[PDB]
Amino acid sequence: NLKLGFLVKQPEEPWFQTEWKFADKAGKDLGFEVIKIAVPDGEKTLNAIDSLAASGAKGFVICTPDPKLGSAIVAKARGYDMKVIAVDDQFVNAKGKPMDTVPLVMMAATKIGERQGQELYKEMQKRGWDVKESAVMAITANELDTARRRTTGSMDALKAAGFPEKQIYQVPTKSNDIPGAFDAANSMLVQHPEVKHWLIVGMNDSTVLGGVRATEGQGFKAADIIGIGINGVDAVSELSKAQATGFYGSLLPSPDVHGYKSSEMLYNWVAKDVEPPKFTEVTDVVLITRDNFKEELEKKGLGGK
């Protein structure tokens, strides 16, 4: 009967696959169908709205490939009498200011990046690294606010704990994936032969994974690297390997809550003109490592090694 879309920029990430799964659960519970579409670029984004219109959908949840497409997405949706909810990446206008009137569901990005920095520091302490030969590699995607809030929160936490500001090195990545992060990390590694141990800061698991893979290629053993990702579900293949690596763990937020809650809220809005809150910040987070990832995922209903 009722058709609602769930559009995501990166279907290759377990993070979005999970949102899709829980959106389906919400459809089952409330009685609506979820049209799952990948929107990796702006063109596909706009064409997908047209497809949704053709299928008769009344609204959609979207994680845009580009926050700057916000105006256009809103324009096309108003044109088809569709309600829109943003999940994870906030829409911004042309000047980069947030489109506050579009309901948003997202993680507490600043708080989670601060936790990442706290946990990096703690593990560094446990390994007893001499600060003098250690450094932080921050792989940033500053044009994406949610990404920026995580890496800045993480760097601020490290500086608050006493990590030397001058030994915090930032390098921008061209893509939010392993290859982009790899490339960025490699260029930074060869510039710092004096560093014997590295803390890798990145907004999500893929970003940290690319950083870790680059350190391996420059001869660092796992004991000299500490990378803590963000997303959790995206690090299960790494945490499942026989051997420990420089990727120590990941902060697991709630993609399950994001998929179900944004879908539910869309539904209520469409079916009963029940207006969603403008901002829903989910604060859940748990650190998953090789030692507790299975238990923790099972514990969250994301069952499977």
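Note that residue numbering begins at 1 and tracks the sequence as displayed.
Engineer: When the Cα temperature factors in the entry are averaged, is it 208-216 or 181-189 that ends up higher?
Structural biologist: Per the PDB entry, the higher value belongs to 181-189.
Engineer: For the stretches 50-58 and 234-242, which has the higher mean C-alpha B-factor as given in the deposited record?
Structural biologist: For C-alpha atoms only, the mean B-factor is higher in 50-58.
Engineer: Whose CA atom has the top B-factor in the entry, of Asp256, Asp273, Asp41, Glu264?
Structural biologist: Spelled out: the listed residue with the top C-alpha B-factor is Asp273.
Engineer: If I read the C-alpha B-factors straight from the PDB entry, which of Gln118, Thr140, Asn93, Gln90 is highest?
Structural biologist: Of the candidates given, the C-alpha B-factor peaks at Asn93.
Engineer: Within this chain's modelled residues, let me know which third the CA B factor of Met99 belongs to: lowest, middle or highest.
Structural biologist: It belongs to the highest third of the chain when residues are ordered by C-alpha B-factor.
Engineer: In terms of the chain's CA B-factor thirds, is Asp130 lowest, middle or highest?
Structural biologist: Highest third of the chain for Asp130's C-alpha B-factor.
Engineer: By its CA B factor, does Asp224 count among the lowest, middle or highest third of the modelled residues in the chain?
Structural biologist: Its C-alpha B-factor, which the entry lists for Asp224, ranks in the lowest third among residues of this chain.
Engineer: When the modelled residues of the chain are sorted by Cα temperature factor, does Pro172 land in the lowest, middle or highest third?
Structural biologist: CA B-factor rank for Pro172: highest third.
Engineer: Ranking every modelled residue in this chain by its Cα temperature factor as given in the entry, which third contains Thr45?
Structural biologist: For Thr45, the deposited C-alpha B-factor lands in the middle third.
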